[PDB]
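**Q** Okay, so here is entry.txt, and as you'll see once you scroll down, it has compact mmCIF, N, CA and C atoms.
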# COMPACT_ATOMS: atom_id res chain seq x y z
N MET A 1 23.37 30.33 -3.95
CA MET A 1 22.97 28.95 -3.59
C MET A 1 23.72 27.92 -4.42
N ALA A 2 23.65 26.66 -4.01
CA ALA A 2 24.33 25.58 -4.72
C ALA A 2 23.83 25.47 -6.16
N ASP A 3 22.52 25.66 -6.34
CA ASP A 3 21.92 25.59 -7.67
C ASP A 3 22.13 24.21 -8.29
N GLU A 4 21.31 23.25 -7.88
CA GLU A 4 21.40 21.89 -8.39
C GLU A 4 20.74 21.78 -9.76
N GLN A 5 19.42 21.92 -9.78
CA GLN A 5 18.67 21.84 -11.03
C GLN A 5 17.57 22.90 -11.08
N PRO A 6 17.94 24.18 -10.88
CA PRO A 6 16.99 25.29 -10.90
C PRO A 6 16.45 25.57 -12.30
N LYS A 7 17.26 25.26 -13.31
CA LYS A 7 16.87 25.48 -14.70
C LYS A 7 17.31 24.32 -15.58
N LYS A 8 16.36 23.47 -15.95
CA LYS A 8 16.65 22.32 -16.79
C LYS A 8 15.37 21.59 -17.19
N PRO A 9 15.44 20.72 -18.21
CA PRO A 9 14.28 19.96 -18.68
C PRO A 9 13.80 18.94 -17.66
N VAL A 10 12.74 18.21 -18.01
CA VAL A 10 12.19 17.19 -17.12
C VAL A 10 11.87 15.91 -17.89
N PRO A 11 11.83 14.77 -17.18
CA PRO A 11 11.54 13.47 -17.79
C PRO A 11 10.06 13.30 -18.14
N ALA A 12 9.67 12.08 -18.46
CA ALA A 12 8.28 11.79 -18.81
C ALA A 12 7.61 10.95 -17.73
N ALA A 13 6.49 11.46 -17.21
CA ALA A 13 5.75 10.75 -16.18
C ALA A 13 4.96 9.58 -16.76
N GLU A 14 4.23 8.88 -15.90
CA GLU A 14 3.43 7.74 -16.33
C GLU A 14 2.19 7.59 -15.46
N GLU A 15 2.40 7.22 -14.20
CA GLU A 15 1.29 7.04 -13.26
C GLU A 15 1.81 6.68 -11.87
N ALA A 16 0.88 6.38 -10.96
CA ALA A 16 1.24 6.02 -9.60
C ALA A 16 1.02 4.53 -9.34
N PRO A 17 1.61 3.99 -8.26
CA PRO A 17 1.48 2.58 -7.91
C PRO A 17 0.09 2.24 -7.37
N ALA A 18 -0.10 0.98 -7.00
CA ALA A 18 -1.38 0.53 -6.46
C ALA A 18 -1.26 -0.85 -5.84
N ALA A 19 -0.55 -1.74 -6.52
CA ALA A 19 -0.36 -3.10 -6.02
C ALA A 19 0.88 -3.19 -5.14
N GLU A 20 1.20 -4.41 -4.69
CA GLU A 20 2.36 -4.63 -3.84
C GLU A 20 2.24 -3.84 -2.54
N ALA A 21 1.70 -4.48 -1.51
CA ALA A 21 1.53 -3.83 -0.22
C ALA A 21 2.87 -3.70 0.51
N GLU A 22 2.91 -2.81 1.50
CA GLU A 22 4.13 -2.59 2.27
C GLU A 22 4.04 -3.26 3.63
N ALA A 23 5.07 -3.08 4.45
CA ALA A 23 5.11 -3.67 5.78
C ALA A 23 4.65 -2.68 6.84
N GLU A 24 5.51 -1.72 7.16
CA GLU A 24 5.19 -0.71 8.16
C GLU A 24 4.91 0.64 7.50
N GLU A 25 4.64 1.65 8.31
CA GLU A 25 4.35 2.99 7.81
C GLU A 25 4.45 4.02 8.92
N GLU A 26 4.89 5.23 8.57
CA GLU A 26 5.03 6.31 9.54
C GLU A 26 3.69 6.64 10.18
N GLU A 27 3.71 7.57 11.13
CA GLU A 27 2.49 7.98 11.82
C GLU A 27 2.39 9.50 11.87
N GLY A 28 1.54 10.06 11.01
CA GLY A 28 1.36 11.50 10.97
C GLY A 28 -0.08 11.90 10.71
N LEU A 29 -0.53 11.70 9.48
CA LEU A 29 -1.89 12.05 9.10
C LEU A 29 -2.48 11.00 8.16
N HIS A 30 -3.80 10.96 8.07
CA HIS A 30 -4.49 10.00 7.20
C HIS A 30 -4.93 10.66 5.90
N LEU A 31 -4.70 9.97 4.79
CA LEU A 31 -5.08 10.49 3.48
C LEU A 31 -6.56 10.24 3.20
N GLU A 32 -7.00 10.64 2.01
CA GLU A 32 -8.40 10.45 1.62
C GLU A 32 -8.49 9.85 0.22
N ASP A 33 -9.24 8.76 0.10
CA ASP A 33 -9.42 8.09 -1.18
C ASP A 33 -8.08 7.60 -1.72
N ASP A 34 -7.17 7.24 -0.82
CA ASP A 34 -5.85 6.76 -1.20
C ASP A 34 -5.10 7.81 -2.01
N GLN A 35 -3.96 7.42 -2.57
CA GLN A 35 -3.15 8.33 -3.37
C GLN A 35 -2.68 9.52 -2.54
N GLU A 36 -1.89 10.39 -3.15
CA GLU A 36 -1.38 11.57 -2.46
C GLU A 36 -1.45 12.80 -3.36
N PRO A 37 -2.59 13.51 -3.34
CA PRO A 37 -2.78 14.72 -4.16
C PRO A 37 -1.65 15.72 -3.99
N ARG A 38 -1.62 16.73 -4.85
CA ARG A 38 -0.59 17.76 -4.80
C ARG A 38 -1.16 19.07 -4.26
N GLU A 39 -0.33 20.11 -4.26
CA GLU A 39 -0.75 21.42 -3.77
C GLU A 39 -0.43 22.51 -4.79
N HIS A 40 -0.85 23.73 -4.49
CA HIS A 40 -0.61 24.86 -5.38
C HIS A 40 0.48 25.77 -4.82
N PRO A 41 1.76 25.47 -5.14
CA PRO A 41 2.89 26.26 -4.67
C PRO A 41 2.95 27.64 -5.32
N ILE A 42 3.74 28.53 -4.74
CA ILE A 42 3.88 29.89 -5.26
C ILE A 42 5.30 30.14 -5.76
N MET A 43 5.45 31.13 -6.64
CA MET A 43 6.75 31.47 -7.19
C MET A 43 7.74 31.83 -6.09
N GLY A 44 9.03 31.84 -6.43
CA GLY A 44 10.05 32.18 -5.46
C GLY A 44 11.38 31.52 -5.76
N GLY A 45 12.47 32.25 -5.53
CA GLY A 45 13.79 31.71 -5.79
C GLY A 45 14.11 30.50 -4.93
N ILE A 46 15.37 30.11 -4.91
CA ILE A 46 15.81 28.96 -4.13
C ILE A 46 15.91 29.31 -2.65
N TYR A 47 14.79 29.68 -2.05
CA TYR A 47 14.75 30.04 -0.64
C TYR A 47 13.33 30.36 -0.19
N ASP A 48 12.66 31.24 -0.93
CA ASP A 48 11.29 31.63 -0.61
C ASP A 48 10.36 30.42 -0.67
N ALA A 49 9.86 30.02 0.49
CA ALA A 49 8.95 28.88 0.57
C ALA A 49 8.44 28.68 2.00
N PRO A 50 7.60 29.61 2.49
CA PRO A 50 7.05 29.53 3.85
C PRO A 50 6.13 28.33 4.03
N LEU A 51 5.55 27.86 2.93
CA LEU A 51 4.66 26.71 2.96
C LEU A 51 3.46 26.98 3.87
N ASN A 52 2.48 27.70 3.34
CA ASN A 52 1.28 28.03 4.11
C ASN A 52 0.56 26.77 4.56
N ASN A 53 0.56 25.75 3.70
CA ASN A 53 -0.09 24.49 4.01
C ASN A 53 0.88 23.52 4.68
N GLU A 54 1.55 23.99 5.73
CA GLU A 54 2.52 23.18 6.46
C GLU A 54 1.86 22.50 7.66
N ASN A 55 0.53 22.44 7.67
CA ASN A 55 -0.20 21.82 8.77
C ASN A 55 0.21 20.37 8.94
N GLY A 56 0.59 19.72 7.85
CA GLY A 56 1.01 18.33 7.91
C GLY A 56 0.38 17.49 6.81
N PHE A 57 -0.91 17.71 6.57
CA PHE A 57 -1.63 16.96 5.54
C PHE A 57 -1.05 17.23 4.16
N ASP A 58 -0.98 18.51 3.79
CA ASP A 58 -0.46 18.91 2.49
C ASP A 58 0.98 18.43 2.31
N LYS A 59 1.84 18.78 3.27
CA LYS A 59 3.24 18.39 3.22
C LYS A 59 3.39 16.88 3.09
N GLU A 60 2.56 16.14 3.82
CA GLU A 60 2.59 14.69 3.79
C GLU A 60 2.20 14.16 2.41
N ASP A 61 1.14 14.72 1.85
CA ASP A 61 0.67 14.31 0.53
C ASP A 61 1.75 14.52 -0.52
N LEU A 62 2.38 15.69 -0.50
CA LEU A 62 3.43 16.01 -1.45
C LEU A 62 4.64 15.10 -1.25
N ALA A 63 5.13 15.04 -0.02
CA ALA A 63 6.29 14.21 0.31
C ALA A 63 6.07 12.77 -0.15
N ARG A 64 4.97 12.17 0.28
CA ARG A 64 4.64 10.80 -0.09
C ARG A 64 4.44 10.68 -1.60
N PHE A 65 3.84 11.71 -2.19
CA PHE A 65 3.58 11.73 -3.62
C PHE A 65 4.89 11.63 -4.40
N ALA A 66 5.81 12.55 -4.11
CA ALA A 66 7.10 12.56 -4.79
C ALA A 66 7.86 11.26 -4.56
N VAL A 67 8.02 10.89 -3.29
CA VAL A 67 8.72 9.67 -2.93
C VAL A 67 8.14 8.47 -3.67
N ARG A 68 6.83 8.27 -3.54
CA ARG A 68 6.15 7.16 -4.19
C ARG A 68 6.22 7.31 -5.71
N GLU A 69 6.27 8.55 -6.18
CA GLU A 69 6.34 8.82 -7.61
C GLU A 69 7.64 8.28 -8.21
N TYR A 70 8.74 8.49 -7.50
CA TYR A 70 10.04 8.02 -7.96
C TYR A 70 10.32 6.59 -7.47
N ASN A 71 9.60 6.18 -6.44
CA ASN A 71 9.77 4.85 -5.87
C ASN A 71 8.96 3.80 -6.62
N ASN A 72 7.87 4.23 -7.26
CA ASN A 72 7.02 3.32 -8.01
C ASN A 72 7.57 3.06 -9.41
N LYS A 73 8.17 4.09 -10.01
CA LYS A 73 8.73 3.97 -11.35
C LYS A 73 9.66 2.76 -11.47
N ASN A 74 10.49 2.56 -10.45
CA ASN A 74 11.42 1.43 -10.45
C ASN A 74 12.22 1.37 -9.15
N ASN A 75 12.58 2.54 -8.63
CA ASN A 75 13.35 2.62 -7.39
C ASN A 75 12.77 1.71 -6.31
N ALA A 76 13.51 1.54 -5.22
CA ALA A 76 13.07 0.69 -4.11
C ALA A 76 11.72 1.16 -3.56
N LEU A 77 11.28 0.51 -2.49
CA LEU A 77 10.01 0.86 -1.86
C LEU A 77 10.21 1.27 -0.41
N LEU A 78 10.44 2.56 -0.20
CA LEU A 78 10.65 3.09 1.15
C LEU A 78 9.44 3.89 1.61
N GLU A 79 9.54 4.47 2.80
CA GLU A 79 8.44 5.27 3.35
C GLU A 79 8.96 6.54 4.00
N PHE A 80 8.32 7.66 3.69
CA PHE A 80 8.71 8.95 4.24
C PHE A 80 8.10 9.15 5.63
N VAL A 81 8.80 9.89 6.48
CA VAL A 81 8.33 10.15 7.83
C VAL A 81 7.77 11.57 7.95
N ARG A 82 8.41 12.51 7.27
CA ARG A 82 7.99 13.91 7.29
C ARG A 82 8.97 14.79 6.53
N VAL A 83 8.54 16.02 6.23
CA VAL A 83 9.38 16.96 5.51
C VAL A 83 10.26 17.77 6.46
N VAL A 84 11.48 18.07 6.01
CA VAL A 84 12.42 18.83 6.83
C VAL A 84 12.83 20.13 6.13
N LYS A 85 12.54 20.24 4.84
CA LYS A 85 12.89 21.44 4.08
C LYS A 85 11.86 21.72 2.99
N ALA A 86 11.71 23.00 2.64
CA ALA A 86 10.77 23.41 1.61
C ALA A 86 11.28 24.62 0.84
N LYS A 87 11.26 24.52 -0.49
CA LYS A 87 11.73 25.60 -1.34
C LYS A 87 10.84 25.75 -2.57
N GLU A 88 10.76 26.97 -3.10
CA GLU A 88 9.94 27.24 -4.28
C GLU A 88 10.81 27.57 -5.48
N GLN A 89 10.30 27.27 -6.67
CA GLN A 89 11.03 27.53 -7.91
C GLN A 89 10.06 27.75 -9.07
N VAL A 90 10.43 28.63 -9.99
CA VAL A 90 9.60 28.93 -11.15
C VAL A 90 10.26 28.47 -12.44
N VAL A 91 9.58 27.59 -13.17
CA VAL A 91 10.10 27.07 -14.43
C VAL A 91 8.98 26.45 -15.26
N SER A 92 8.50 27.21 -16.24
CA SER A 92 7.43 26.74 -17.11
C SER A 92 6.18 26.39 -16.30
N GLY A 93 6.02 27.06 -15.17
CA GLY A 93 4.87 26.81 -14.32
C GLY A 93 5.18 27.03 -12.85
N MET A 94 5.19 25.94 -12.08
CA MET A 94 5.48 26.02 -10.65
C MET A 94 6.19 24.77 -10.17
N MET A 95 7.44 24.92 -9.74
CA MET A 95 8.23 23.80 -9.25
C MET A 95 8.51 23.96 -7.76
N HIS A 96 8.26 22.89 -7.00
CA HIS A 96 8.48 22.92 -5.56
C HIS A 96 9.56 21.93 -5.15
N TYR A 97 10.63 22.45 -4.56
CA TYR A 97 11.74 21.62 -4.10
C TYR A 97 11.69 21.45 -2.59
N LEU A 98 11.20 20.30 -2.14
CA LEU A 98 11.10 20.04 -0.71
C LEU A 98 11.87 18.78 -0.31
N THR A 99 12.51 18.83 0.85
CA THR A 99 13.28 17.69 1.34
C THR A 99 12.55 17.03 2.50
N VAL A 100 12.56 15.70 2.52
CA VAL A 100 11.89 14.95 3.58
C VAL A 100 12.72 13.76 4.04
N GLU A 101 12.41 13.25 5.23
CA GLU A 101 13.12 12.11 5.78
C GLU A 101 12.45 10.81 5.35
N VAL A 102 13.25 9.85 4.90
CA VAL A 102 12.72 8.57 4.45
C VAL A 102 13.37 7.41 5.20
N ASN A 103 12.60 6.34 5.38
CA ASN A 103 13.09 5.15 6.08
C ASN A 103 12.88 3.90 5.23
N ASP A 104 13.79 2.94 5.37
CA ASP A 104 13.71 1.70 4.61
C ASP A 104 14.35 0.54 5.38
N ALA A 105 13.51 -0.36 5.87
CA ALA A 105 13.99 -1.52 6.62
C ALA A 105 14.86 -1.09 7.80
N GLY A 106 14.59 0.10 8.33
CA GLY A 106 15.36 0.60 9.46
C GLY A 106 16.31 1.71 9.05
N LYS A 107 16.75 1.69 7.80
CA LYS A 107 17.66 2.71 7.29
C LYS A 107 16.97 4.06 7.18
N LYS A 108 17.35 4.99 8.05
CA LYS A 108 16.76 6.32 8.06
C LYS A 108 17.72 7.34 7.45
N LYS A 109 17.19 8.22 6.60
CA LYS A 109 18.00 9.24 5.96
C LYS A 109 17.13 10.38 5.44
N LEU A 110 17.78 11.42 4.91
CA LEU A 110 17.07 12.58 4.38
C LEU A 110 17.28 12.69 2.88
N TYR A 111 16.19 12.67 2.12
CA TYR A 111 16.26 12.77 0.67
C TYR A 111 15.46 13.97 0.17
N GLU A 112 16.00 14.65 -0.84
CA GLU A 112 15.34 15.81 -1.42
C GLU A 112 14.48 15.41 -2.62
N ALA A 113 13.36 16.10 -2.79
CA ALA A 113 12.45 15.82 -3.90
C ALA A 113 11.97 17.11 -4.56
N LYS A 114 12.06 17.16 -5.89
CA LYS A 114 11.62 18.34 -6.63
C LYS A 114 10.44 18.01 -7.54
N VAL A 115 9.30 18.61 -7.26
CA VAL A 115 8.09 18.38 -8.04
C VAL A 115 7.77 19.58 -8.93
N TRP A 116 7.15 19.31 -10.07
CA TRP A 116 6.79 20.37 -11.01
C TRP A 116 5.31 20.32 -11.35
N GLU A 117 4.70 21.50 -11.48
CA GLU A 117 3.28 21.60 -11.80
C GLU A 117 2.99 22.89 -12.56
N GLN A 118 2.35 22.76 -13.71
CA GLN A 118 2.01 23.92 -14.54
C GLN A 118 0.56 24.33 -14.34
N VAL A 119 0.18 25.44 -14.96
CA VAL A 119 -1.19 25.94 -14.86
C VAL A 119 -1.87 25.94 -16.23
N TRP A 120 -1.11 26.29 -17.26
CA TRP A 120 -1.63 26.33 -18.62
C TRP A 120 -1.62 24.93 -19.25
N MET A 121 -0.80 24.05 -18.71
CA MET A 121 -0.70 22.68 -19.22
C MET A 121 -1.55 21.73 -18.38
N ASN A 122 -1.78 22.11 -17.12
CA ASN A 122 -2.58 21.29 -16.22
C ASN A 122 -1.92 19.93 -15.99
N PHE A 123 -0.65 19.95 -15.61
CA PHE A 123 0.09 18.73 -15.36
C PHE A 123 1.00 18.88 -14.15
N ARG A 124 1.24 17.77 -13.45
CA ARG A 124 2.10 17.78 -12.27
C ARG A 124 2.74 16.41 -12.05
N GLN A 125 4.04 16.41 -11.80
CA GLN A 125 4.76 15.16 -11.57
C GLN A 125 6.11 15.42 -10.91
N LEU A 126 6.81 14.34 -10.57
CA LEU A 126 8.12 14.44 -9.93
C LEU A 126 9.22 14.53 -10.98
N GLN A 127 10.16 15.45 -10.77
CA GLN A 127 11.27 15.64 -11.70
C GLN A 127 12.49 14.83 -11.27
N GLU A 128 12.97 15.08 -10.06
CA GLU A 128 14.13 14.37 -9.55
C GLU A 128 14.04 14.14 -8.04
N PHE A 129 14.76 13.12 -7.57
CA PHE A 129 14.79 12.77 -6.16
C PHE A 129 16.21 12.44 -5.73
N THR A 130 16.81 13.31 -4.93
CA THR A 130 18.18 13.11 -4.46
C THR A 130 18.19 12.54 -3.05
N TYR A 131 19.24 11.78 -2.74
CA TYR A 131 19.38 11.17 -1.42
C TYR A 131 20.53 11.80 -0.64
N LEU A 132 20.19 12.56 0.40
CA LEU A 132 21.19 13.22 1.22
C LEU A 132 21.66 12.30 2.34
N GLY A 133 22.42 12.86 3.28
CA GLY A 133 22.93 12.08 4.39
C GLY A 133 21.85 11.75 5.40
N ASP A 134 21.52 12.71 6.25
CA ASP A 134 20.50 12.52 7.27
C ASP A 134 20.09 13.85 7.89
N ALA A 135 18.84 13.94 8.33
CA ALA A 135 18.32 15.16 8.94
C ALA A 135 18.50 15.13 10.45
Represent the supplied structure as structure tokens.
**A**
Amino acid sequence: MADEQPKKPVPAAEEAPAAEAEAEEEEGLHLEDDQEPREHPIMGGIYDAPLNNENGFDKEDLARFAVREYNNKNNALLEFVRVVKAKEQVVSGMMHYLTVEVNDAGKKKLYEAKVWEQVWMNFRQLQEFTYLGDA
């Protein structure tokens, strides 16, 4: 595989957004109590990732979570439409590399997002967010 960031350190998280409303929004599933909770991914190399919770709710929560996670820190304010790729990774816990389609003022494209979550540390956040061409 290309091996982008399968083995490397991670930045420092902070929190999620809340203020500054948006304009439009995709149409898929409705969240609960706002925010976008995470899921419990399983081990696996850069390929193994059937995503049992691919019903839409889980994938949406993660996709929006990662996007908003890197979009709230400072990046622009875009909106994801849905996930197009899913991969699993093991590093000091459980890392999930999933790619989703994002839109911004009409600009549609496909961006990859890698989230990390441990079990002994009880922590989860976004590591990196790459912007690809289009799905």
**Q** Work out how far atom C of residue 31 in chain A is from atom C of residue 131 in chain A, in Å to one decimal.
**A**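 Separation of atom C of residue 131 in chain A and atom C of residue 31 in chain A: 27.4 Å.
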**Q** Show me, as JSON, numbers by chain, the residues that have an atom within 5 Å of range 64-79 of chain A when counting all atoms listed in the file, minus same-chain residues fewer than 5 positions from it.
**A** {"A": [102, 103, 104]}
**Q** Using only C-alpha atoms, pick whichever of A:106, A:135, A:116, A:46 has the shortest atom-to-atom distance to residue 23 in chain A.
**A** A:106
**Q** Neighbourhood query: residues within 7 Å of (0.9, 20.3, -9.0), file coordinates, counting all atoms listed in the file; return as a ChimeraX atom specification.
**A** /A:38-41,115-118,123-125
**Q** Residues of chain A classed as helix (DSSP H, G or I) by DSSP on the backbone are to be reported as a ChimeraX atom specification.
**A** /A:57-73
**Q** Restricting the calculation to all atoms listed in the file: of A:89, A:122, A:99, A:130, which residue gets closest to residue 43 in chain A?
**A**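 Of A:89, A:122, A:99, A:130, the one nearest residue 43 in chain A is A:89, counting all atoms listed in the file.
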**Q** Out of A:88, A:60, A:128, A:101, which residue has the shortest atom-to-atom distance to residue 44 in chain A when counting only N, CA and C atoms?
**A** A:88
**Q** Among range 9-116 of chain A, which ones does DSSP place in strand (DSSP E), written as a PyMOL selection string?
**A** chain A and resi 79-89+94-104+107-116
**Q** Considering all atoms listed in the file, can you say which of A:63, A:12, A:49, A:18 comes closest to residue 86 in chain A?
**A**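 So, comparing all the options, the nearest one is A:49.
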**Q** List the neighbours of residue 28 in chain A out to 12 Å using only C-alpha atoms; skip same-chain residues closer than 5 positions along the sequence, and give me the result as a short mmCIF file (atom, residue, chain, number, x, y, z; two decimals) with N, CA and C atoms, in the coordinates of the input.
**A**
data_model
loop_
_atom_site.label_atom_id
_atom_site.label_comp_id
_atom_site.auth_asym_id
_atom_site.auth_seq_id
_atom_site.Cartn_x
_atom_site.Cartn_y
_atom_site.Cartn_z
N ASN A 55 0.53 22.44 7.67
CA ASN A 55 -0.20 21.82 8.77
C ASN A 55 0.21 20.37 8.94
N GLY A 56 0.59 19.72 7.85
CA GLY A 56 1.01 18.33 7.91
C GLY A 56 0.38 17.49 6.81
N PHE A 57 -0.91 17.71 6.57
CA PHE A 57 -1.63 16.96 5.54
C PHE A 57 -1.05 17.23 4.16
N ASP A 58 -0.98 18.51 3.79
CA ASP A 58 -0.46 18.91 2.49
C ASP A 58 0.98 18.43 2.31
N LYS A 59 1.84 18.78 3.27
CA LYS A 59 3.24 18.39 3.22
C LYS A 59 3.39 16.88 3.09
N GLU A 60 2.56 16.14 3.82
CA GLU A 60 2.59 14.69 3.79
C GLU A 60 2.20 14.16 2.41
N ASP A 61 1.14 14.72 1.85
CA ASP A 61 0.67 14.31 0.53
C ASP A 61 1.75 14.52 -0.52
N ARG A 64 4.97 12.17 0.28
CA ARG A 64 4.64 10.80 -0.09
C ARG A 64 4.44 10.68 -1.60
N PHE A 80 8.32 7.66 3.69
CA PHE A 80 8.71 8.95 4.24
C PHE A 80 8.10 9.15 5.63
N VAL A 81 8.80 9.89 6.48
CA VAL A 81 8.33 10.15 7.83
C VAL A 81 7.77 11.57 7.95
N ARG A 82 8.41 12.51 7.27
CA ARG A 82 7.99 13.91 7.29
C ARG A 82 8.97 14.79 6.53
N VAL A 83 8.54 16.02 6.23
CA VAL A 83 9.38 16.96 5.51
C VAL A 83 10.26 17.77 6.46
#
**Q** Could you tell me how far atom N of residue 107 in chain A sits from CA of residue 133 in chain A, in Å to one decimal place?
**A** 12.6 Å
**Q** Could you state the separation of CA of residue 5 in chain A and CA of residue 127 in chain A in Å, given to one decimal place?
**A**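 Going from CA of residue 5 in chain A over to CA of residue 127 in chain A covers 9.7 Å.
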**Q** Can you work out which one of A:29, A:2, A:90, A:19 has the shortest atom-to-atom distance to residue 45 in chain A, counting only C-alpha atoms?
**A** A:90
**Q** Out of A:16, A:114, A:87, A:1, which residue has the shortest atom-to-atom distance to residue 48 in chain A when counting all atoms listed in the file?
**A**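 The shortest atom-to-atom distance to residue 48 in chain A comes from A:87.
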